[PDB]
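> This is the structure I have questions about; it appears just below.
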Amino acid sequence: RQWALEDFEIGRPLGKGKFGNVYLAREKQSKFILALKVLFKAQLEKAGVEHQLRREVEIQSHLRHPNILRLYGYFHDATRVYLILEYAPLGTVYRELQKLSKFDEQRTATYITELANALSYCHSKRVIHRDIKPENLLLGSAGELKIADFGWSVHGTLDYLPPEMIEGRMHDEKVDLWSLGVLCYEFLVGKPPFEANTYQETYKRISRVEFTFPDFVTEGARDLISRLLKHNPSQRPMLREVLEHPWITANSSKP
Ligand SMILES: O=C(Nc1ccccc1)Nc1ccc(CCNc2ncnc3oc(-c4ccc(OCCN5CCC(O)CC5)cc4)cc23)cc1
């Protein structure tokens, strides 16, 4: 298993990333269909993030969960690093938001449950994501949600970052609960709650936790979102309490 690019047939582009492209691919020997993410050494090195990727690969390979995207392996050549990923045939939740605009409560609750289960397992293995956002949420063949990208895990737009990360503070696993809250809002409304036209204004609004709801967001959803988007990490609920929220249980199709 000392992989090389010549072991795969490369197919169509699945996405364009900051640091690299993702392509569909097929391993020649087995015909195993997978995704291949190609990052550039020169660009990671120059941005000082090459280590972060040593860490991701190290971390994501101790994780095994149906709502976390698998990293099967990795290799590299003169100038590029390749991640061999599980292929998620239904694409990103980002693209799904574009197509649909916003999701009903049942899709939203179902997705939060999947996320919360995934993050609970991560927290139990002492892992914090730090980078939950719809681009990094992939959909398996049955439409099951899959967390992608552990490039920023430990232990650009600001839209999904909590106050303690933008205000330059110590953070912990409650980072991921803020993220749930941002996503729960975005799913129901179709834009994240602190969205603005400038970095400076978005920063301001995250820092103050300044957001409002459209009249159509139901009271149960407002309750859950408000509990998650607390400025103080320690006032945010545990993952187990998110899963027990009556709005989540009333509306989720998964357990
Ligand atoms: O970059 C990372 N780390 C890192 C980077 C730099 C420095 C340090 C760390 N990590 C990282 C970041 C992101 C990823 C996810 C990459 N994208 C994908 N990965 C695996 N499978 C995938 O499948 C897709 C995909 C699959 C299908 C698809 O379209 C299918 C057909 N569509 C379905 C949707 C409908 O609206 C229209 C028709 C579109 C995309 C994307 C994808 C993986 C790893």
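Quick note on naming: the chains in the structure tokens go A, B, ... in the order shown, residues restart at 1 in each chain, and ligands are numbered from 1 in order of appearance.
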Neighbouring residues of residue A:208 were defined as those with any atom within 12 Å, considering only C-alpha atoms; residues of the same chain fewer than 5 positions away were excluded. Please report them as a ChimeraX atom specification.
/A:162-164,166-167,194,201-203,229-232
> Those residues with N, CA and C atoms, as a PDB file, in the first residue's frame please?

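Saved result, part31.pdb, follows:
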ATOM      1  N   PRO A 162     -16.940  30.587  16.073  1.00  0.00           N
ATOM      2  CA  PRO A 162     -17.465  31.129  17.333  1.00  0.00           C
ATOM      3  C   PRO A 162     -16.655  32.316  17.841  1.00  0.00           C
ATOM      4  N   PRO A 163     -17.248  33.112  18.748  1.00  0.00           N
ATOM      5  CA  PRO A 163     -16.620  34.309  19.273  1.00  0.00           C
ATOM      6  C   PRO A 163     -15.243  34.068  19.853  1.00  0.00           C
ATOM      7  N   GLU A 164     -15.089  32.978  20.608  1.00  0.00           N
ATOM      8  CA  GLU A 164     -13.803  32.672  21.238  1.00  0.00           C
ATOM      9  C   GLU A 164     -12.692  32.375  20.209  1.00  0.00           C
ATOM     10  N   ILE A 166     -12.698  33.951  17.055  1.00  0.00           N
ATOM     11  CA  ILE A 166     -12.409  35.209  16.368  1.00  0.00           C
ATOM     12  C   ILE A 166     -11.827  36.234  17.334  1.00  0.00           C
ATOM     13  N   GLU A 167     -12.296  36.221  18.582  1.00  0.00           N
ATOM     14  CA  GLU A 167     -11.772  37.108  19.627  1.00  0.00           C
ATOM     15  C   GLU A 167     -10.441  36.608  20.201  1.00  0.00           C
ATOM     16  N   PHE A 194     -25.102  35.192  10.912  1.00  0.00           N
ATOM     17  CA  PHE A 194     -24.230  36.354  11.094  1.00  0.00           C
ATOM     18  C   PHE A 194     -23.704  36.874   9.760  1.00  0.00           C
ATOM     19  N   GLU A 201     -18.170  43.648   9.525  1.00  0.00           N
ATOM     20  CA  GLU A 201     -19.515  43.563  10.073  1.00  0.00           C
ATOM     21  C   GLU A 201     -19.870  42.164  10.595  1.00  0.00           C
ATOM     22  N   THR A 202     -19.493  41.118   9.857  1.00  0.00           N
ATOM     23  CA  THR A 202     -19.713  39.748  10.332  1.00  0.00           C
ATOM     24  C   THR A 202     -19.034  39.477  11.667  1.00  0.00           C
ATOM     25  N   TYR A 203     -17.790  39.929  11.788  1.00  0.00           N
ATOM     26  CA  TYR A 203     -17.018  39.819  13.023  1.00  0.00           C
ATOM     27  C   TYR A 203     -17.813  40.442  14.168  1.00  0.00           C
ATOM     28  N   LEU A 229     -26.275  29.218  20.315  1.00  0.00           N
ATOM     29  CA  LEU A 229     -25.499  30.428  20.020  1.00  0.00           C
ATOM     30  C   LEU A 229     -25.346  31.315  21.259  1.00  0.00           C
ATOM     31  N   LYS A 230     -24.779  30.769  22.325  1.00  0.00           N
ATOM     32  CA  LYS A 230     -24.404  31.558  23.497  1.00  0.00           C
ATOM     33  C   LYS A 230     -22.959  31.991  23.335  1.00  0.00           C
ATOM     34  N   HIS A 231     -22.662  33.195  23.809  1.00  0.00           N
ATOM     35  CA  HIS A 231     -21.325  33.756  23.695  1.00  0.00           C
ATOM     36  C   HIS A 231     -20.358  33.011  24.564  1.00  0.00           C
ATOM     37  N   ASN A 232     -20.789  32.657  25.767  1.00  0.00           N
ATOM     38  CA  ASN A 232     -19.947  31.911  26.701  1.00  0.00           C
ATOM     39  C   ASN A 232     -20.039  30.434  26.334  1.00  0.00           C
TER      40      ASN A 232
END
> If you run DSSP on the backbone here, which positions in stretch 109-151 of chain A get helix (DSSP H, G or I)? Please write them as a ChimeraX atom specification.
/A:109-124,134-136
> Taking only C-alpha atoms and all ligand atoms into account, report as a PyMOL selection string which residues have an atom no farther than 7 Å from an atom of ligand 1.
chain A and resi 14-15+19+22+35+37+39+44+49-50+52-53+56+85-92+95-96+99+136+138+148-152
> Write the residues you've just listed into a file as an mmCIF file, in the first residue's frame, and include C-alpha atoms for each of them.

data_model
loop_
_atom_site.group_PDB
_atom_site.id
_atom_site.type_symbol
_atom_site.label_atom_id
_atom_site.label_comp_id
_atom_site.auth_asym_id
_atom_site.auth_seq_id
_atom_site.Cartn_x
_atom_site.Cartn_y
_atom_site.Cartn_z
ATOM 1 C CA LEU A 14 -16.052 17.032 -7.859
ATOM 2 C CA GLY A 15 -15.019 20.370 -6.363
ATOM 3 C CA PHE A 19 -5.768 24.352 -1.273
ATOM 4 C CA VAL A 22 -11.258 16.957 -5.570
ATOM 5 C CA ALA A 35 -12.613 10.553 -4.297
ATOM 6 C CA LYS A 37 -8.186 15.287 -3.308
ATOM 7 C CA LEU A 39 -3.235 19.488 -2.707
ATOM 8 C CA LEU A 44 0.382 24.436 1.765
ATOM 9 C CA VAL A 49 -0.580 24.496 6.845
ATOM 10 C CA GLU A 50 1.285 21.371 5.736
ATOM 11 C CA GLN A 52 -2.201 20.643 9.833
ATOM 12 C CA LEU A 53 -2.644 18.012 7.095
ATOM 13 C CA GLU A 56 -5.833 15.605 9.867
ATOM 14 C CA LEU A 85 -11.300 9.640 0.428
ATOM 15 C CA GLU A 86 -14.625 7.859 0.666
ATOM 16 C CA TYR A 87 -16.817 9.009 -2.226
ATOM 17 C CA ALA A 88 -20.085 10.735 -1.241
ATOM 18 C CA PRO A 89 -22.316 10.304 -4.275
ATOM 19 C CA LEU A 90 -25.027 12.860 -3.395
ATOM 20 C CA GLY A 91 -22.614 15.785 -2.984
ATOM 21 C CA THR A 92 -22.382 18.594 -0.429
ATOM 22 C CA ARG A 95 -25.106 22.444 -3.094
ATOM 23 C CA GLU A 96 -28.328 21.062 -1.603
ATOM 24 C CA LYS A 99 -30.904 23.803 -5.112
ATOM 25 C CA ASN A 136 -17.659 20.138 4.413
ATOM 26 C CA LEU A 138 -21.281 15.443 2.304
ATOM 27 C CA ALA A 148 -15.572 16.009 5.997
ATOM 28 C CA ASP A 149 -12.257 17.866 6.492
ATOM 29 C CA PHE A 150 -10.358 17.343 9.759
ATOM 30 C CA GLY A 151 -7.670 19.788 8.592
ATOM 31 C CA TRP A 152 -8.285 22.067 11.578
#
> How many Å separate atom CA of residue A:98 from atom CA of residue A:190?
8.4 Å
> Once DSSP has gone over the backbone, tell me which residues of stretch 52-147 of chain A are in strand (DSSP E), as a PyMOL selection string.
chain A and resi 71-76+80-85+137-139+145-147
> Calculate how many Å separate atom CA of residue A:137 from atom CA of residue A:93, rounding to one decimal.
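According to the coordinates, atom CA of residue A:137 and atom CA of residue A:93 are separated by 5.5 Å.
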> Which residues, written as a ChimeraX atom specification, have at least one atom at most 8 Å from stretch 182-184 of chain A, with only C-alpha atoms counted and residues fewer than 3 positions away on the same chain left out?
/A:108-109,112,133-134,160,178-179,187-188,192-193,225,229
> Find the spatial neighbours of residue A:237, counting only C-alpha atoms, within a cut-off of 7 Å - ignore same-chain residues fewer than 5 positions away - and output them as number ranges by chain.
A: 227-228, 242
> Between atom CA of residue A:251 and atom CA of residue A:106, what is the distance in Å, rounded to a tenth?
4.9 Å
> Give me the residues within 10 Å of residue A:123 as a short mmCIF file (atom, residue, chain, number, x, y, z; two decimals) with C-alpha atoms, in the first residue's frame, counting only C-alpha atoms and dropping any in the same chain fewer than 5 places off.

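Heads up, here's the output in out_9.cif:
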data_model
loop_
_atom_site.label_atom_id
_atom_site.label_comp_id
_atom_site.auth_asym_id
_atom_site.auth_seq_id
_atom_site.Cartn_x
_atom_site.Cartn_y
_atom_site.Cartn_z
CA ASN A 117 -24.16 11.87 16.80
CA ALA A 118 -21.00 12.31 14.71
CA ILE A 128 -12.87 18.71 18.26
CA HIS A 129 -13.71 19.57 14.64
CA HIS A 155 -6.80 17.67 21.07
CA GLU A 173 -15.22 21.25 22.44
CA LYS A 174 -18.07 23.76 22.80
CA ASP A 176 -18.70 22.43 17.78
CA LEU A 239 -24.48 17.14 22.61
#
> For residue A:252, work out the shell of residues within 12 Å, counting only C-alpha atoms and skipping chain neighbours fewer than 6 positions away, then give it as a JSON list (two decimals) with N, CA, C and O atoms, in the first residue's frame.

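Wrote it out as selection-v6.json, contents follow:
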[["chain", "number", "residue", "atom", "x", "y", "z"],
["A", 104, "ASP", "N", -36.94, 22.13, 5.23],
["A", 104, "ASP", "CA", -38.03, 22.05, 6.20],
["A", 104, "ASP", "C", -37.47, 21.57, 7.53],
["A", 104, "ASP", "O", -36.32, 21.16, 7.61],
["A", 105, "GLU", "N", -38.29, 21.60, 8.56],
["A", 105, "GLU", "CA", -37.86, 21.23, 9.91],
["A", 105, "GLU", "C", -37.42, 19.78, 10.03],
["A", 105, "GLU", "O", -36.54, 19.47, 10.84],
["A", 106, "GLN", "N", -38.03, 18.90, 9.23],
["A", 106, "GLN", "CA", -37.78, 17.46, 9.31],
["A", 106, "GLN", "C", -36.41, 17.12, 8.74],
["A", 106, "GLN", "O", -35.65, 16.38, 9.34],
["A", 107, "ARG", "N", -36.09, 17.67, 7.57],
["A", 107, "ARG", "CA", -34.74, 17.53, 7.05],
["A", 107, "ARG", "C", -33.73, 18.16, 8.01],
["A", 107, "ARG", "O", -32.68, 17.57, 8.29],
["A", 108, "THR", "N", -34.06, 19.34, 8.54],
["A", 108, "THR", "CA", -33.11, 20.06, 9.39],
["A", 108, "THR", "C", -32.80, 19.26, 10.66],
["A", 108, "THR", "O", -31.63, 19.03, 10.96],
["A", 109, "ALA", "N", -33.85, 18.82, 11.37],
["A", 109, "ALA", "CA", -33.71, 18.04, 12.61],
["A", 109, "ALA", "C", -32.97, 16.73, 12.37],
["A", 109, "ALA", "O", -32.10, 16.33, 13.16],
["A", 110, "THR", "N", -33.32, 16.06, 11.28],
["A", 110, "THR", "CA", -32.64, 14.84, 10.90],
["A", 110, "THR", "C", -31.13, 15.11, 10.71],
["A", 110, "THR", "O", -30.29, 14.35, 11.18],
["A", 111, "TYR", "N", -30.79, 16.22, 10.04],
["A", 111, "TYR", "CA", -29.38, 16.53, 9.78],
["A", 111, "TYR", "C", -28.63, 16.89, 11.05],
["A", 111, "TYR", "O", -27.47, 16.53, 11.22],
["A", 112, "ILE", "N", -29.30, 17.58, 11.96],
["A", 112, "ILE", "CA", -28.67, 17.97, 13.22],
["A", 112, "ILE", "C", -28.40, 16.74, 14.08],
["A", 112, "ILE", "O", -27.37, 16.64, 14.75],
["A", 113, "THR", "N", -29.32, 15.77, 14.04],
["A", 113, "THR", "CA", -29.14, 14.55, 14.80],
["A", 113, "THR", "C", -27.92, 13.81, 14.29],
["A", 113, "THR", "O", -27.07, 13.37, 15.06],
["A", 114, "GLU", "N", -27.81, 13.70, 12.97],
["A", 114, "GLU", "CA", -26.67, 13.02, 12.39],
["A", 114, "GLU", "C", -25.38, 13.75, 12.83],
["A", 114, "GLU", "O", -24.48, 13.12, 13.39],
["A", 115, "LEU", "N", -25.34, 15.07, 12.63],
["A", 115, "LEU", "CA", -24.20, 15.88, 13.07],
["A", 115, "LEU", "C", -23.87, 15.65, 14.53],
["A", 115, "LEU", "O", -22.71, 15.42, 14.88],
["A", 116, "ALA", "N", -24.90, 15.75, 15.38],
["A", 116, "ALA", "CA", -24.72, 15.65, 16.83],
["A", 116, "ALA", "C", -24.22, 14.26, 17.23],
["A", 116, "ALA", "O", -23.40, 14.13, 18.13],
["A", 242, "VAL", "N", -28.75, 18.36, 23.12],
["A", 242, "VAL", "CA", -29.26, 18.66, 21.79],
["A", 242, "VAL", "C", -30.14, 17.51, 21.28],
["A", 242, "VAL", "O", -31.25, 17.74, 20.79],
["A", 243, "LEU", "N", -29.64, 16.28, 21.42],
["A", 243, "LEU", "CA", -30.36, 15.10, 20.96],
["A", 243, "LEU", "C", -31.67, 14.87, 21.71],
["A", 243, "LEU", "O", -32.57, 14.22, 21.20],
["A", 244, "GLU", "N", -31.77, 15.41, 22.92],
["A", 244, "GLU", "CA", -32.97, 15.26, 23.74],
["A", 244, "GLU", "C", -33.92, 16.44, 23.57],
["A", 244, "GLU", "O", -34.99, 16.44, 24.16],
["A", 245, "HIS", "N", -33.53, 17.46, 22.82],
["A", 245, "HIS", "CA", -34.39, 18.62, 22.64],
["A", 245, "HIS", "C", -35.70, 18.18, 22.06],
["A", 245, "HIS", "O", -35.73, 17.39, 21.09],
["A", 246, "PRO", "N", -36.82, 18.67, 22.60],
["A", 246, "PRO", "CA", -38.12, 18.20, 22.09],
["A", 246, "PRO", "C", -38.38, 18.53, 20.61],
["A", 246, "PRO", "O", -39.08, 17.79, 19.92]]
